[PDB]
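Residue-level structure breakdown
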Amino acid sequence: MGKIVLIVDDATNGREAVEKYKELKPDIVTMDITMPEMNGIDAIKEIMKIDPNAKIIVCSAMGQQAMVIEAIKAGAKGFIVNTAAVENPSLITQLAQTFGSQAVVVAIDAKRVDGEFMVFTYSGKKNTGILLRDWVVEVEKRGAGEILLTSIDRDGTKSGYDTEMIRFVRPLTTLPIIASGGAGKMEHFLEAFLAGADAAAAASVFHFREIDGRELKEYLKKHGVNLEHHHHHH
């Protein structure tokens with residue numbers, strides 16, 4: 001509702017992402033480290049210095065346990081899994097028990113196929129056959145901290161978030177839902193929140209100067225949408 005999430009993939013330099021955090025100033029930042037060449041953990045240190053109270057999330061490659069450890073040392077609070085967690089749900093349960101359920105994020109890239117919601121793995125390239133309904137229920141029971149609802153059909157459209165998928169997922173989970181895909185203008189953000197999303201992620205709209213970060217924050221304020229906190233300005 002009132003949280004902004006920035007997505008920095010391996011294709012963007014860590015220095016660039018840090019500069020964006022200064023101007024935009026989001027609440028949550030997701031950075032990819034599966035390609036060490038980009039100095040992912042180095043950027044994580046930069047985010048902490050600018051705002052040590054930020055929620056940093058790190059995406060690790062399947063099988064890099066020590067990589068997850070380093071990301072935590074950098075000040076990360078949460079870490080993400082996708083195809084690995086789906087193939088072996090036991091990993092999600094173990095991760096919650098060890099570092100706290102709130103630190104494990106289960107990401108699901110989904111599409112509408114055969115008249116039912118179906119999960120896709122491998123960056124949404126290949127269908128698994130697992131139903132979106134059944135997977136979401138399992139993720140909650142496993143102790144997943146949060147769930148990332150990604151719409152592959154809407155990704156890159158920039159014509160509004162997949163409000164259909166958002167509403168459909170909401171009744172099956174009591175976790176925070178991070179909606180990703182379709183974000184092109186301020187109107188799309190407001191729609192996604194009404195659909196029951198807890199936070200909205202956007203990367204393209206910022207890098208290409210499509211939406212103004214500061215004006216976006218003002219928009220949410222005007223509608224009376226904010227988290228339970230105390231405001232003090234002079």
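Structure determination for this entry, per the PDB record, employed solution NMR.

Remarks on the packing of helix 8 (residues 186-194) against helix 10 (residues 213-222)
For the pair helix 8 and helix 10, the least separation of the axes is 11 Å and the interaxial angle reads 40°. As far as their axial angle goes, helix 10 and helix 8 are oblique. Viewed along their axes, helix 8 and helix 10 form a crossing whose handedness is right-handed. The residues of helix 10 that touch helix 8, namely those facing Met186, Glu187, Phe189 and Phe193, are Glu215, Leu216, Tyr219 and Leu220. Here the contact of helix 8 with helix 10 is built from residues that sort into six nonpolar, no polar and two charged.

Here we look at the nonpolar core
Ranked by size, the top nonpolar core spans 61 residues in total, and within it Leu132, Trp135, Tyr161, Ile166, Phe189 and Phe206 carry the most contacts. Residue contacts for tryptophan 135: discarding those within four places in its chain leaves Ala85, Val86, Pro89, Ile92, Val106, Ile108, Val119 and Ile130. Listed in part, the ten residues of the second largest apolar core include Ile28, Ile57, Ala107 and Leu148.

Some thoughts on the packing of aromatic side chains
A complete count under the given rule lists three aromatic pairs for this structure. Ring plane angle 85° and centroid distance 6.4 Å describe the contact between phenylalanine 79 and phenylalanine 99, whose orientation is recorded as edge-to-face. A residue pair is termed long-range when its members are at least 10 positions apart, and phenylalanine 79 in strand 4 (residues 78-81) and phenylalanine 99 in helix 5 (residues 90-99) qualify at 20 residues. A ring pair is formed by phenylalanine 117 and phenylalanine 168, whose centres lie 4.8 Å apart and whose planes are at 20°; its orientation type is stacked. With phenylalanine 117 in strand 6 (residues 116-121) and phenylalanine 168 in helix 7 (residues 163-169), the pair connects residues that are 51 residues apart, well separated along the chain. Taking the relative accessible area as the measure of exposure, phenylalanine 117 reaches 7% and is therefore buried.

Some words on the side chain of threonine 30
Tracing the backbone shows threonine 30 in strand 2 (residues 28-32). Taking the relative accessible area as the measure of exposure, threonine 30 reaches 16% and is therefore buried. Residues within four places of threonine 30 in sequence aside, it is in contact with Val5, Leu6, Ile7, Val8 and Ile57.

Some points on the side chain of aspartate 32
Note that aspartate 32 resides in strand 2. Although buried, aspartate 32 forms no salt bridge, and the nearest oppositely charged side chain, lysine 125, lies 11 Å from it. Reaching out from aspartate 32, the side chain makes a polar contact with the side chain of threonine 34 at a distance of 2.7 Å. Look past the residues within four positions of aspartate 32 in its chain and what remains in contact with it is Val8, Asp9, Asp10 and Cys59.

Details of helix 8
Among the residues of helix 8, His188, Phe189, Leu190, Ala192 and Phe193 are the ones counted as buried. Buried positions along helix 8 lie against strand 1 (4-8), helix 7, strand 10 (199-201), helix 9 (204-207) and helix 10. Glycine 196 sits one or two residues past helix 8 and shows a positive phi near 105°.

Cut-off values and rules
Residues numbered from 1 in each chain as written, not as in the entry; some residues may be left out. Heavy atoms only, no water. Axes fitted to C-alpha atoms, helices over the stretch in contact; angles between N-to-C directions. Helix = DSSP H or I, 4+ residues; strand = E, 2+ residues; numbered from the N terminus. Parallel < 35°, antiparallel > 145°, perpendicular 65-115°, else oblique. Left-handed = near helix turned anticlockwise from the far one by under 90°. Contact = heavy atoms within 4.5 Å. Nonpolar A, V, L, I, M, F, W, Y, C, P; charged D, E, K, R; others polar. Core = buried A, V, L, I, M, F, W, Y, C linked by side-chain atoms within 4.5 Å. Buried < 20%, exposed > 50% of the residue type's maximum accessible area, 1.4 Å probe, protein only. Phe/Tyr/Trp six-rings, centres within 6.5 Å; stacked < 30°, edge-to-face > 60°. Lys, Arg positive; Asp, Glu negative; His and termini not counted. Salt bridge = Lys/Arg side-chain N within 4 Å of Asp/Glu carboxyl O. Polar contact = N/O pair within 3.5 Å; in protein donor to acceptor, adjacent residues only side chain to side chain.

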